[PDB]
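Here's the structure, in structure tokens; my notes come after.
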Amino acid sequence: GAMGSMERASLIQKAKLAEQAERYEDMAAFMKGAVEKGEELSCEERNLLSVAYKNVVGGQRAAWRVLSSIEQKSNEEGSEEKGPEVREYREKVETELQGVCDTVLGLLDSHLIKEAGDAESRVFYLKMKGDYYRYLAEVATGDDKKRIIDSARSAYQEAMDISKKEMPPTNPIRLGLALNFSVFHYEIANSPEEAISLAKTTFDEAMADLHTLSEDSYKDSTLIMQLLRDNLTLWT
Amino acid sequence: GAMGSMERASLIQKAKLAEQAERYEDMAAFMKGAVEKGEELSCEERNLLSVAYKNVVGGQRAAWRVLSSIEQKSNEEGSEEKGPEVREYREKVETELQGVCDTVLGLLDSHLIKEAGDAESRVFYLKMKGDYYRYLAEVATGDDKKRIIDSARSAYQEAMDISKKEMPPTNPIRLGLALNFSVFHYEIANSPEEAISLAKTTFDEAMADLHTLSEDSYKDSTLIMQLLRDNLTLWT
Amino acid sequence: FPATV
Amino acid sequence: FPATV
Ligand SMILES: *SCCNC(=O)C1CCN(C(=O)C(C)(C)Oc2ccc(Cl)cc2)CC1
Ligand SMILES: *SCCNC(=O)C1CCN(C(=O)C(C)(C)Oc2ccc(Cl)cc2)CC1
Ligand SMILES: [Mg+2]
Ligand SMILES: [Mg+2]
Ligand SMILES: [Mg+2]
Ligand SMILES: [Mg+2]
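As they're listed, the protein sequences go chains A, A', B and B'. A prime marks a further copy of an entry chain.
Going by the authors' numbering, 88 is the number at position 93 of the first sequence; the sequence numbering is gapless.
Going by the authors' numbering, 54 is the number at position 59 of the second sequence; the sequence numbering is gapless.
Going by the authors' numbering, 593 is the number at position 3 of the third sequence; the sequence numbering is gapless.
Going by the authors' numbering, 595 is the number at position 5 of the fourth sequence; the sequence numbering is gapless.
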């Protein structure tokens, strides 16, 4: 690894600088280097890892959607043949996206998940595993698609099972997990009623636990509850 | 070149797709490949080349400024020593920026400028040469700095001389050249009065020629005139 | 597109 | 920062 010679603490410091400079590819490369040092990640470090890759893959997904739409338009009746270029470039972006997802999944498998014994860390990583399989599923079309979808589902389900046993219903990781698993159900698994049920139950159980929270915890929990409500409004 | 096997027309088509997807690094790589085919660029192709690199280097410049500010803050009296990391990462971004500028300047030198005989194409490329030397000057600190500044000045001056002889005062390339050379004077050459004079004279000579223009040409010219006015308002 | 975090 | 194009 190109980051093998840099100190762990220096990689974390540079990830924070990269975030400030909106250099998310660099940020992700630094955090990959930090993970590869082999030690567990603190809460702050887990956030840096997830922010970096979320932004990289988010940009790839946005680009893939633009290109996919152009390609779909080009394959409509009445469209003039433009050659292989749209497909080729969509495939290029797709392959780069798949590569980033595989990289993140590899970090989680070697060895972040297995070394995460506390519920908060294990749930965090299993959420990420569901998310990155979900991004693979968004572009998948081959013999493997059903298995990619099931890998996302299985990771999210294990995270849900641990979070319900070990975390309060207002915990932001538990809430964000449920938000994203609900989106999985709606957009990936073609289970809109499951998505709506999960978002509603999550919102209501968080509402009932807000009274236990400090003002600062309340802010984080209510922000995610508003995203649940936003999705419910979009879907109903 | 990785793009050596792709058709010129396919590289141009993919540059336009990359622009639509806001994948400016890809866009620049495609346009470098197109330039390296060895043929002159049309007006549309020149725009694609400039848009791509302007966006890549613009992002690098924004990042360099963030990092430079942090570094300057860290070197103030009372600041606690944070180690070499801020400098190192600013240097990393700086070196990447310099590499992009050198790449663009190399394309202009081999052989876009020498093959550009029409005033509109030659002025376009000489403006770019001034701009990319200006970006090098923004980060320069060594024995070469004065020479980098003079290379920017010399390219801009030749572009100005050709544009005044061969193009109307409302031509958007002539106007954008003058806008940028005025910024060079203010920010790089420490010549604020020259910057203000150039912006004012350019604005007034364009104003007097608007009556000759169609509605569509009027839109482009007046947009740039407003940027000249915006700078004058910032500087006075 | 729906919200995720 | 001033405007350039
Ligand atoms: S302790 C693990 C690291 N902490 C976090 O992930 C928190 C980062 C800040 N934050 C948020 O931005 C909001 C409120 C949007 O909620 C989430 C963000 C990201 C995730 Cl994975 C989950 C919730 C709270 C979490
Ligand atoms: S004929 C050479 C290619 N054409 C252009 O560069 C035009 C692109 C669109 N355009 C603009 O966006 C505005 C009005 C902002 O002016 C300029 C943009 C870029 C440059 Cl280099 C100069 C002017 C007009 C020019
Ligand atoms: Mg594919
Ligand atoms: Mg249930
Ligand atoms: Mg340097
Ligand atoms: Mg003069």
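We treat Cβ as the ideally placed atom computed from N, Cα and C, and that holds for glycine.
Inset, instruction - Name, please, each residue of chain B' whose Cβ falls closer than 7 Å to the Cβ of residue 219 of chain A'. - result: In the second sequence, counting from the first residue as 1, residue 219 of chain A' sits at position 224. Correct list: 595.
Inset, instruction - In angstroms with no decimal places, state the Cα-to-Cα distance between residue 155 of chain A and residue 180 of chain A. - result: Taking the first residue of the first sequence as position 1, residue 155 of chain A is located at position 160. Taking the first residue of the first sequence as position 1, residue 180 of chain A is located at position 185. Their backbone Cα atoms lie some 14 Å apart in a straight line.
Inset, instruction - Please say whether residue 13 of chain A and residue 22 of chain A have beta carbons closer to each other than 8 Å? - result: As a first step, residue 22 of chain A must be located in the first sequence, where it is residue number 27. As a first step, residue 13 of chain A must be located in the first sequence, where it is residue number 18. Contact annotation: residue 22 of chain A and residue 13 of chain A have beta-carbon atoms nearer than 8 Å.
Inset, instruction - Inspect the beta-carbon positions of residue 175 of chain A and residue 122 of chain A and report whether they are closer than 8 Å. - result: In the first sequence, residue 175 of chain A corresponds to position 180, counting from 1. In the first sequence, residue 122 of chain A corresponds to position 127, counting from 1. Contact flag set, yes.
Inset, instruction - Determine, using beta carbons only, whether residue 41 of chain A and residue 92 of chain A come nearer to each other than 8 Å. - result: Residue 41 of chain A sits at position 46 when you count from the first residue of the first sequence. Residue 92 of chain A sits at position 97 when you count from the first residue of the first sequence. No.
Inset, instruction - Please confirm if residue 54 of chain A' has its CB atom under 8 Å from at least one CB of chain B'. - result: In the second sequence, counting from the first residue as 1, residue 54 of chain A' sits at position 59. No, no contact with chain B'.
Legend entry - Reduced DSSP secondary structure (H/G/I, E/B, other) of residue 591 of chain B: Taking the third sequence and counting its residues from 1, one reaches residue 591 of chain B at position 1. The answer is coil: DSSP assigns residue 591 of chain B none of H, G, I, E or B.
Legend entry - Distance cut 7 Å, beta-carbon to ligand 2 heavy atom: residue list by chain order: A':38, A':39, A':41, A':42, A':45, A':115, A':119, A':122, A':167, A':168, A':170, A':171, A':215, A':218, A':219 and B':595
Legend entry - Beta-carbon gap between residue 158 of chain A and residue 148 of chain A smaller than 8 Å: By one-based count along the first sequence, residue 158 of chain A stands at place 163. By one-based count along the first sequence, residue 148 of chain A stands at place 153. For residue 158 of chain A and residue 148 of chain A, no; Cβs fall outside 8 Å.
Inset, instruction - Count the CB pairs spanning the stretch 125 to 142 of chain A and the stretch 95 to 110 of chain A that are closer than 8 Å, and state whether there are at least three. - result: yes
Inset, instruction - Return no unless some Cβ of chain A' is closer than 8 Å to the Cβ of residue 12 of chain A. - result: In the first sequence, counting from the first residue as 1, residue 12 of chain A sits at position 17. Among the CB atoms of chain A', one or more fall inside 8 Å of the CB of residue 12 of chain A.
Inset, instruction - Measuring alpha carbon to alpha carbon, tell me which of A':186, A':59, A':209 and A':103 ends up nearest residue 83 of chain A'. - result: Looking up residue 83 of chain A' in the second sequence gives position 88. Selected option, being the one with the closest Cα: A':59.
Legend entry - Contacts around residue 70 of chain A, its chain only, beta-carbon distance under 6 Å, and the 5 residues preceding and following it disregarded: Sequence index remark: in the first sequence, residue 70 of chain A carries index 75 (1-based). Result list for residue 70 of chain A: empty, nothing under 6 Å.
Inset, instruction - Could you name the residues whose beta carbon sits closer than 7 Å to any heavy atom belonging to ligand 6, keeping them in chain order? - result: A':192, A':193 and A':196
Legend entry - Contact test: residue 91 of chain A Cβ vs ligand 3 heavy atom, cutoff 7 Å: As a first step, residue 91 of chain A must be located in the first sequence, where it is residue number 96. Result no, Cβ not under 7 Å from ligand 3.
Legend entry - ligand 3 heavy atom lying under 7 Å from the CB of residue 20 of chain A: Translated into the one-based positions of the first sequence, residue 20 of chain A becomes position 25. Every heavy atom of ligand 3 is 7 Å or more from the Cβ of residue 20 of chain A, so no.
Legend entry - Per-residue contacts from residue 226 of chain A' into chain B' (C-beta, under 8 Å): In the second sequence, counting from the first residue as 1, residue 226 of chain A' sits at position 231. By Cβ distance, chain B' contributes 592 and 593.
Legend entry - residue 198 of chain A and residue 220 of chain A closer than 8 Å at C-beta: Within the first sequence, residue 198 of chain A is the residue found at index 203, counting from 1. Within the first sequence, residue 220 of chain A is the residue found at index 225, counting from 1. Yes, the Cβ-Cβ distance between residue 198 of chain A and residue 220 of chain A is below 8 Å.
Legend entry - Reduced DSSP category for residue 47 of chain A - H, G, I as helix; E, B as strand; rest coil: Position 52 of the first sequence, counted from the first residue, corresponds to residue 47 of chain A. Correct three-state label for residue 47 of chain A: helix.
Legend entry - Through-space distance from residue 225 of chain A' to residue 124 of chain A', alpha-carbon basis: Working through the second sequence from its first residue, we reach residue 124 of chain A' at position 129. Working through the second sequence from its first residue, we reach residue 225 of chain A' at position 230. Inter-residue distance for residue 124 of chain A' and residue 225 of chain A' is about 24 Å (C-alpha atoms, whole angstroms).
Inset, instruction - Write down the C-beta distance between residue 144 of chain A' and residue 183 of chain A' rounded to the nearest angstrom, noting that I regard them as a contact closer than 8 Å. - result: Working through the second sequence from its first residue, we reach residue 144 of chain A' at position 149. Working through the second sequence from its first residue, we reach residue 183 of chain A' at position 188. Rounded, the Cβ-Cβ distance is 6 Å, consistent with contact.
Inset, instruction - Using 7 Å as the cut-off, classify the Cβ of residue 72 of chain A' as near or not near the heavy atoms of ligand 5, replying yes or no. - result: As a position in the second sequence, residue 72 of chain A' is number 77, starting the count at 1. Every heavy atom of ligand 5 is 7 Å or more from the Cβ of residue 72 of chain A', so no.
Inset, instruction - Ignore the nearest five residues each way along the sequence and tell me which others in residue 213 of chain A''s own chain have a CB closer than 7 Å to its CB. - result: Taking the second sequence and counting its residues from 1, the one referred to as residue 213 of chain A' is at position 218. If we look at residue 213 of chain A' and ignore the five residues flanking it on each side, its Cβ neighbours are 205.
Inset, instruction - With a threshold of 16 other CB atoms inside 10 Å of the CB of residue 39 of chain A', please say whether the residue is buried or exposed. - result: As a first step, residue 39 of chain A' must be located in the second sequence, where it is residue number 44. With a 10 Å radius around the Cβ and a threshold of 16 neighbouring Cβ atoms, residue 39 of chain A' comes out exposed.
Inset, instruction - Consider the Cβ of residue 84 of chain A: report whether some Cβ of chain A' lies at a distance smaller than 8 Å. - result: Here residue 84 of chain A refers to the residue found at position 89 when the first sequence is read from its first residue. Yes, residue 84 of chain A counts as interfacial toward chain A'.
Inset, instruction - With DSSP collapsed to three states, give me the class of residue 78 of chain A'. - result: Taking the first residue of the second sequence as 1, we reach residue 78 of chain A' at position 83. Residue state, collapsed to three classes: coil.
Inset, instruction - Ignoring anything shorter than 4 residues or poking outside the stretch 166 to 219 of chain A, list the alpha helix (DSSP H) runs there in chain order. - result: 167 to 178 and 187 to 202
Legend entry - Reduced DSSP secondary structure (H/G/I, E/B, other) of residue 18 of chain A: What you label residue 18 of chain A is simply residue 23 of the first sequence in a count that begins at 1. In the structure shown, residue 18 of chain A sits in coil (DSSP, three-state: anything other than H, G, I, E or B).
Inset, instruction - Compare the Cα-Cα distances from residue -4 of chain A' to each of A':208, A':16 and A':26 and report the closest residue. - result: Taking the first residue of the second sequence as 1, we reach residue -4 of chain A' at position 1. Nearest C-alpha to residue -4 of chain A': A':26.
Legend entry - Residues that residue 118 of chain A' contacts on chain B', provided the C-beta gap is smaller than 9 Å: Reading the second sequence from its first residue, position 123 is the one you call residue 118 of chain A'. Within chain B', no residue comes near residue 118 of chain A'; the closest Cβ sits about 14 Å away, beyond 9 Å.
Inset, instruction - Please report the Cβ distance between residue 118 of chain A and residue 43 of chain A, rounded to the nearest whole angstrom; I am assuming they are in contact, meaning their Cβ atoms lie under 8 Å. - result: On the first sequence, residue 118 of chain A is found 123 positions in, with the first residue counted as 1. On the first sequence, residue 43 of chain A is found 48 positions in, with the first residue counted as 1. Contact flag wrong, Cβ pair sits at about 17 Å.
Inset, instruction - Only counting runs of 4 or more residues, tell me where the alpha helix (DSSP H) segments fall wholly within the stretch 69 to 124 of chain A', in order along the chain. - result: Qualifying alpha helix (DSSP H) stretches, in chain order: 80 to 102.
Inset, instruction - Out of A:166, A:208 and A:34, point me to the one whose CA is closest to residue 105 of chain A's CA. - result: Stepping through the first sequence from its first residue, residue 105 of chain A is reached at position 110. Minimum Cα distance to residue 105 of chain A is reached at A:34.
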